[PDB]
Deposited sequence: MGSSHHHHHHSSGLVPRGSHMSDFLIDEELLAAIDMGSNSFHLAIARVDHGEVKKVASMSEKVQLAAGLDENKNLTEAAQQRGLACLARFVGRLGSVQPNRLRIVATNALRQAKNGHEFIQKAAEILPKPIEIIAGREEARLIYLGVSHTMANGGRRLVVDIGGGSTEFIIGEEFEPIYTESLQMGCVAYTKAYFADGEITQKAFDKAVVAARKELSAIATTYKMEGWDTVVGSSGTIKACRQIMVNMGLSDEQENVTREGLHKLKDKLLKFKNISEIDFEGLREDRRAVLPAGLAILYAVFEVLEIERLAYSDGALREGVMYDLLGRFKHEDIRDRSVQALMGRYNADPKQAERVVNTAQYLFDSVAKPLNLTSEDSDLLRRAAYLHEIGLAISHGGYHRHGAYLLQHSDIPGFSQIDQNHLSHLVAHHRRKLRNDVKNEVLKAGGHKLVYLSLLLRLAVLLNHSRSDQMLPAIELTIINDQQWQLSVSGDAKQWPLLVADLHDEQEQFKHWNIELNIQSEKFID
């Protein structure tokens, strides 16, 4: 109930264990306040109830600890799990009962961005750094300097899938190692030349597979003075593992160890890495420092938005007119609709990006813009946050159909529908594009599935709005909303 505006939390739902970390902002730095780690093992393609409830409780304990954090400074994150879950949406729906902020699945080149950010703020060695992270479904490779990455890539070669495909039954074979390496070499063949020419002064790893290998290196005296995993020690570990005949350290880790061991051996050989450090912070720290930017009002999502506008040459003065009108409409319905501070940001971005499909074609640009936002690698945007952004651009013009309205409701409920509607009104009013002055009062109030738009001014100027707003009533009706227009003051 007591709320601390400098408090920042972040929940990370891993494969075998979750984690909650709380922290506060002291002079632009992130001071640790709490850390809790609960093993659920829900991930280890339909999440069984034998662990689903175990997580829903773990999350309800966490949110009770999180009672002092503003939702603006809270972030839920997950990876390589609910992706491969038939009932994943149901667990998210069950978690949405529990948590106050929707789960976020971070993957691919966004996951890579966050590992490197977290490694960069933890280990502070200067220089061109290569970060590697062998996840369960995917292995991230980043070259960056300072906190700014240069190349970010995600190779679909995780330790879980490699065992499932080459080391199934858990039987260790000479050929099964070579086969797993060969698959890994072929994956790396896409980025090796680019990454090697670019070069690195330091090599840092992350995720469990790297951690496990680092330990056995130490325990088997195969590590280095600085516990730097070395090709020599790694190659020897490879030969020692081939002596086993089956899996039967850590009990959970030995299951995927053959896959991982080959993946790192392949990485070491194809990129000619000699020495490799380990960072535990992983993506958990990335999300926290991401959260710090949002606190500092330097959100990367915002910076990406302005970058997308420049790639697609969107009209800045038209974006400005749209985003202002939308805010005014947003504020005028803020309390009744119960729209959050996040929702204002969603609309602000979408209003900036709504004309981007115009760089593809002038017909159906709203559908094109949506395809771009749905599929692009936009740094800072997660899967769900992209999907809401594209949805707002996808329905800002043309006809509305109840069939799609249901799809929108599934994606982000009535709040996404209301924003989609607010964006429709904010474009419709700037359809004339360059304008002398506000064509009318355009005052929006709400009742219940019935909105009221009041219009007042010289109707002789801007005489299309009346018809436009009446054409818009029918489309609203297709989304179960009765928009009534008061033009009695517009004449």
Inset, instruction - Could you sort out which parts of the deposited sequence are absent from the coordinates (no C-alpha) and give them as ranges from 1? - result: 1-23, 68-72, 277-282, 526
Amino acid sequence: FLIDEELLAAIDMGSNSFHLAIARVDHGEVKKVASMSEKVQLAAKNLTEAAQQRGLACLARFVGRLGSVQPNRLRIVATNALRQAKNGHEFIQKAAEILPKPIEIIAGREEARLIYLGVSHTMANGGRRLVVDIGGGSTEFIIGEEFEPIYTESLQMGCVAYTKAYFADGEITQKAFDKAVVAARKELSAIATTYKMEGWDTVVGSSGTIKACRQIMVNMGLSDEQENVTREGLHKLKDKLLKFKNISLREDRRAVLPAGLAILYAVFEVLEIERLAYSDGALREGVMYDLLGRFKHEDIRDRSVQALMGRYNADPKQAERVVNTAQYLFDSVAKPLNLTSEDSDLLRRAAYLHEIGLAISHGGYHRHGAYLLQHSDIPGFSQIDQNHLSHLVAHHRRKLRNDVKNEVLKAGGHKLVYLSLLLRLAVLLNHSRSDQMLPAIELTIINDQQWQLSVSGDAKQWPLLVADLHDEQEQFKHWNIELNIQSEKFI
From here on, numbers count along this sequence of modelled residues.
Legend entry - Of 439-447 and 426-434, the stretch whose C-alpha atoms average the higher B-factor in the entry: 439-447
Legend entry - Residue range whose averaged C-alpha B-factor is higher in the record, 374-382 or 340-348: 340-348
Inset, instruction - Name the one of 361, 193, 174, 206 with the greatest CA B-factor according to the PDB entry. - result: 174
Legend entry - From 74, 271, 82, 155, residue of greatest CA B-factor: 82
Legend entry - Record-listed C-alpha B factor of residue 2: chain third: middle
Inset, instruction - Relative to the other modelled residues of the same chain, rank the CA B-factor of residue 133 and answer lowest, middle or highest third. - result: middle
Legend entry - Lowest, middle or highest third - CA B-factor, residue 111: lowest
Inset, instruction - Could you say whether, by C-alpha temperature factor, residue 418 belongs to the lowest, middle or highest third of its chain? - result: lowest
Inset, instruction - Please rank the C-alpha B-factors of the chain's modelled residues and tell me whether residue 86 sits in the lowest, middle or highest third. - result: highest
